[PDB]
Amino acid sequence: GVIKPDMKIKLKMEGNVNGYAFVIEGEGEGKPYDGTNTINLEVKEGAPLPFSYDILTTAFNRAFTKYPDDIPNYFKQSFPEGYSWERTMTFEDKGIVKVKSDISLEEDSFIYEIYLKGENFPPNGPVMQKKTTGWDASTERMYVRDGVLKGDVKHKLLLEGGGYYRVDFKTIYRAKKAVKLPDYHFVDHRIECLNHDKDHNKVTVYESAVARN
């Protein structure tokens, strides 16, 4: 099959948050059937980033999800042709991130071409002031609507010292060919970072994702 037990990852993100432009490139690897992946990210333009890196990390591929045999796998079926996704993250203080990604496959490597725009973040809020400390673990509700797969998360962005900000995710995942469509289900995520310098010039992200009925 085209999705091997061990796959590699290359990515590029072009982004703009509150007007600040940047480029990030990443290289990594994962185990698509185990639902695990890791990516090493480097800021290539725009360093040091003047905002929270956590609003970028979930943009850095549901092909890396453990799926039970009885739930059709929208993402793995889409290959070799691939899929793309479009996501809106709405923050409780009216900040908003819109991000899109195109996921393709070259040999044994997934390639992500990502574009991200963040706007309307309060200038002295925790995002622009770099006061976040990662994401909680989460549950994404997956469901078919208008012939494509949608995912919703009621997420929590953790704040240094205490508490969190609520962030709603709405994602549309679009296979590039017809695939067998799943019934509604859940994907449980845990995204984490290795300890990093506050400049965030180099960051390693890890994610685990498991689907369940």
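When you see a residue number, it is the position in the sequence shown, counting from 1.
What size is the break between residue 60 and residue 61 in terms of deposited sequence residues left without coordinates: none, 1 to 3, 4 to 9, or 10 or more?
-> Gap between residue 60 and residue 61: 1 to 3 unmodelled residues.
Between the two ranges 123-131 and 97-105, the one averaging a larger CA B factor in the entry | The deposited B-factors put 123-131 ahead on the C-alpha mean.
Which of the two stretches, 38-46 or 155-163, shows the higher mean Cα temperature factor in the record?
-> Per the deposited B-factors, the answer is 155-163.
Highest-ranked of 112, 74, 85, 91 once sorted by CA temperature factor in the record | When the deposited C-alpha B-factors of 112, 74, 85, 91 are compared, 91 is largest.
Would you mind checking which of 193, 24, 21, 9 has the top Cα temperature factor in the PDB entry?
-> Of the options given, 193 has the highest CA B-factor in the PDB entry.
Lowest, middle or highest third of the chain for the C-alpha temperature factor of residue 147?
-> For residue 147, the deposited C-alpha B-factor lands in the highest third.
Would you mind ranking residue 168 by its C-alpha B-factor against the rest of the chain and naming the third, lowest, middle or highest?
-> Middle third, going by the recorded CA B-factors of the chain.
Using the B-factor values recorded in the entry, state whether the Cα atom of residue 55 falls in the lowest, middle or highest third among the modelled residues of its chain.
-> Residue 55: CA B-factor falls in the middle third of its chain.
Chain-wide C-alpha B factor ranking for residue 209, given as lowest, middle or highest third = Lowest third of the chain for residue 209's C-alpha B-factor.
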